[PDB]
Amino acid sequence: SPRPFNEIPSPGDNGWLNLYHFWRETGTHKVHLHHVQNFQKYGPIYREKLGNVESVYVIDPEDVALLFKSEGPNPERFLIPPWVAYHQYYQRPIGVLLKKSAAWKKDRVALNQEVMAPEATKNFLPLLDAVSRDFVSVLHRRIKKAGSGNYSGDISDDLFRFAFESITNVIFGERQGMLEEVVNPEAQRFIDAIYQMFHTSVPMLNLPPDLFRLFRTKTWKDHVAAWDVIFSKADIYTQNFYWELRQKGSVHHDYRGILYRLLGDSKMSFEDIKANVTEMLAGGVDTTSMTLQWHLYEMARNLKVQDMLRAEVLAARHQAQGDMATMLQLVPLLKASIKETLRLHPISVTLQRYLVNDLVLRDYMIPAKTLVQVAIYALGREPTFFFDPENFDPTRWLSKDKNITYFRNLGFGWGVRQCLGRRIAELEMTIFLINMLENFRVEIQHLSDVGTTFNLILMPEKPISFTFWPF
């Protein structure tokens, strides 16, 4: 008695017509709003073919749970078509992001041992702390320079350089110098290419490669140029590290970074390692930086919450007697505030899985091989799933009612193919915010609501200018 697939509410079966109306009414850079509006229009489940790709969209955590309950051993998400086309056409070695089945599993398991396992990740603490402490020093320097007892500015560019320094430090065990007054321009080029690769992805999204070649010729060209900078720089770093290792040929007892571990004790070939280094580097720069910027924004918008997080951090530093490793298990509210930041400001608009087997959702039969998307952004703003969703309230994640948070913490995805950088990102952000909260109060002058723009990853729609006061 479950309804057939075609009875799922839908704007219609013409993908090109659907694409036309999406661009006309909402716009490519507002796909998150498109999702919100569609659930308002159709209810909690709908299907929409956009251009060539059809998906079923869900918002209800109970449906999300069923989706992930039926997951197979080698899950597949939606592959970004211009990314795939660039790698295939220009014959670039692929990493874990673009692989599937057994070849994906092979990379993933090798990578998990160096970047996910608690026994590997404990080594990240000193490397990430060093970078965050240097960030703090930059701000103290700018405050001194300003002569006003404070510093006001848009720090988005500093945050990109912070994220780059952090990911490179854990990968290479070496400082790139991106937080110094005089910066490596070739590393800045790498940073800028990552943003450009994301931004240029958007006009090609719902199109097959045959069409974006023909109607998005300039964008495709710019996109190819962004990825070329990414691969070229990453490959130089990796090759140089490989040869330096042989030049200094000493068996080190001290931790030397992820790459050292992979090259010395991995089942991965050098080519797989170099491909995955490229992805980790590119994945690390725009994700934590934007998420941290939103966190700072929410702290400035919610001064009482900022006070409570500071009070928690100071007590944890005291109780841990200064030790970072101990401290990180004593900041439950800070960690909750990160979940809360990702609820309202997800990096990823959706999660997606291709079904392995037929599946029923809300009395509708969804056939195997169908793409199903969980609308993460829409979920986070939905008042039936979160009390007062517009309010930044970290304590909602500590609720002893363990049905208030059921399948709600979805920012990094789920299961065996969840975010590969999740531990790096969680540790980088928590350590960053500990250092910031100990050192400054954050405010925004003339605070106004900052919206969101879809630039492949979700990002603030306009610049945010903070005021920092030393604490």
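Numbering starts at 1 and follows the sequence shown.
Mean CA temperature factor is higher for 89-97 when stretches 166-174 and 89-97 are set side by side in the entry. Relative to one another, 246-254 and 319-327 have unequal mean CA B-factors, and 246-254 is the one with the higher figure.
The residue among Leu437, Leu420, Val53, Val56 whose C-alpha atom has the highest B-factor in the PDB entry is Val53. When the Cα B-factors of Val442, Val36, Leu67, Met429 are read from the PDB record, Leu67 comes out highest. When all modelled residues of the chain are sorted by CA temperature factor, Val31 is found within the lowest third.
In the deposited entry, the Cα temperature factor of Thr291 places it in the lowest third of its chain's modelled residues. In the PDB entry, a CA B factor belonging to the lowest third of its chain's modelled residues is recorded for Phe468. Among all modelled residues in this chain, the alpha-carbon of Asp307 has a temperature factor (C-alpha) in the middle third. The deposited CA B-factor of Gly15 belongs to the middle third of values across its chain.
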